[PDB]
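A quick write-up on the structure given underneath.
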């Protein structure tokens, strides 16, 4: 642990924890490709369990990065194409508003106004069909971006259909296992419960509740070690031996749409490096991140740019996570916390750390 990294991380994260009253936090910095780990505070306040490198945190929407890469892997396998109509994989989806809505639109939140959340009322699979059949777009496909669990969540479910695997089985066998993410889970097994941190929301210990398309949109739990390895794999996909997964990673960092200075990937979001920190910091606030914005199609998509800030924020009711990396500098960070605290604080801290190391 070079003193520079120690000092930079501690000087930034200590005040963040104090200001945001975060109960527990783990941070990994990837510097010249190698990970360095830092932990603070409590996984479980009541039982006095500390955060360790083995603590599992809810990733919330950082999960979308795994879904985007798994979709990418399915494209690379020749199982799906992003240009395919959604109805090719869900023939029961016969309502006319779906004409012209492709898997690309689903993956990138550009289908025309699919809502942020699947309604809590949608419990059964027939409920889910009804919901999509009845949904009315506000906009033509590929014209506006509206960040949405119901959009990429459906992409993930459809993407694994030709494999015949459940979403969880496909994720395990095709992404987690080959990458040796052996402490990353969609459903935490009983053996790992001792490591599963509680999230804290208004002082109450909470875990994410089951919901439709949860696995696909926000349901991954992982350790800081596995998340560092996830960043390493995304920094350098060519080191990955499994050909379709290497390609999948590359596809997820391709640039499909532009809004303002951000580019939409599959799960990942990207900006040119060097970035303007106000732009990524203010841009991460849900006031902008969850807003409806016109998009410019990137025709054809630009392949993964190495000089990019690639990142994703994610939260559940009790957790707040952030991952960011810059391929061309072999530099990244993962910040996992068991409080959902404001995005701009996460991105500010990440930028202060990476900027100092870059």
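Going from the start of the chain as shown, residues are counted 1 onward.
So this one's X-ray crystallography, 1.7 Å, going by the header.
Here the Cβ of each residue, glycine as well, is placed from N, Cα and C on the backbone.
For the beta-lactam site that Swiss-Prot gives as 117, 147, 149, 315, 340, the extra residue drawn from 61, 209, 254 is 61. Within 8 Å of the Cβ centroid of the beta-lactam site, not counting the listed residues 61, 117, 147, 149, 315, 340, the chain contributes 60, 116, 217, 218, 314, 316. Using Cα positions, the member of the binding-site residues 117, 147, 149, 315, 340 nearest to residue 61 (active site, acyl-ester intermediate) is identified as 315. When secondary structure is read from DSSP and collapsed to three states, residue 117 (beta-lactam binding site) falls in the coil class. Taking the Cβ of residue 149 (beta-lactam binding site) as reference, residues of its chain lying under 8 Å away and at least six apart in sequence are, in sequence order, 61, 116, 117, 118, 213, 217, 218. Of all residue pairs in 61, 117, 147, 149, 315, 340, the annotated binders of beta-lactam, the farthest apart have Cα atoms separated by 18 Å.
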